[PDB]
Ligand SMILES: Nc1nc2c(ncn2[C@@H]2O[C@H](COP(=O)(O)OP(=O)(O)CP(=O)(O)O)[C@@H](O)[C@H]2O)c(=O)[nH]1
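One chain comes next, on its own, written as structure tokens: the form deposited without this ligand.
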């Protein structure tokens, strides 16, 4: 059976290296539609699947051209699953991107990279505790004898919808305002993603408005409403995300 998988992580996080390991010489260099950014695709197989792997440009956040490409692809829904390459030696910084994928609700597998760099600086990562808090599998990419890859291939064959765990705990009125923005958005987009798009707009993101159809004319009204209910809506959003990531890292690292 054929799956298409998007490969996503921070720049400088061993993403290209995983890409080459997975695909060997079975890769095509193309170009992202309408821009001159290079788009790599590659092929590998698993026990049950033939996999088309799409390397997305490194990015720290879904919220320059590169960043925008990753996000447009993530939101296009073309991919069945995403492989999220995470630097174990910079967990907290790297999970900011992971959180957005999970909030978007896209099937995810976290390939925990740079174990050897982590080990070297006395950082150990509690794999199952991370996995429980994310609601998606976490696969240590041991480089020794291709073990990591084999285990990743196993995870791919066993992939499923993420566990619907609570992630960031937003103040209710932000959720409320996001719900309101969400119901006036193009319905071709899942409710979960519509809610996420609303949340980004409230925090002040401009690229998100592009997918949200009508919503952007309701935003100033939404924001004007919110500022009666709290002192800094966008900062409360920043604060709840950080709260969530730091509570994870405290247990996990």
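Positions refer to the first chain, counted from 1. Shifts are known only where both forms have a C-alpha. Here the rigid core means the biggest group of C-alpha atoms that line up within 1.5 Å when the two forms are laid on top of each other.
Compared with other deposited structures of the same protein, residue 35 meets the criterion of being unmodelled in at least one third of those that resolve residues on both sides. In this entry, residue 63 is separated from residue 64 by 4 to 9 residues of the deposited sequence that have no coordinates.
When the C-alpha B-factors of 112 to 120 and 75 to 83 are averaged, 112 to 120 comes out higher. The stretch with the higher mean CA B factor, choosing between 175 to 183 and 151 to 159, is 175 to 183. Ranking 54, 51, 70, 189 by the C-alpha B-factor listed in the PDB entry places 189 at the top. For residue 234, the recorded CA B-factor ranks within the highest third of the chain. Only modelled residues enter the ranking. The PDB entry assigns residue 58 a C-alpha temperature factor belonging to the lowest third of its chain's modelled residues.
Quick note: we don't show the form deposited with this ligand bound, though the next part is all about it.
At the 4.5 Å threshold, heavy atoms of residue 122 stay clear of this ligand in the deposited bound form, well away from it. With a 4.5 Å cutoff on heavy atoms, residue 213 does not count as touching this ligand in the deposited bound form; it lies far away.
Although the partner is absent here, residue 116 is a contact residue: one of its heavy atoms lies within 4.5 angstroms of this ligand in the deposited bound form. Remark: residue 180 does not count among the residues lining this ligand in the deposited bound form, judged by a heavy atom distance of 4.5 Å or less. Comment: 137 to 145 is the region of 137 to 145, 67 to 75, 166 to 174, 152 to 160 lying near this ligand in the deposited bound form, near meaning a non-hydrogen atom within 4.5 Å. For the three residues 23, 42 and 50, a heavy atom within 4.5 Å of this ligand turns up in the deposited bound form in no case. Once the rigid core is used as the reference frame, the Cα position of residue 146 differs between this form and the one not shown by 2 Å or more. Regions where at least three consecutive shared residues each shift by 2 Å or more at the C-alpha between this form and the one not shown, after core superposition, reduce to one span, 142 to 147.
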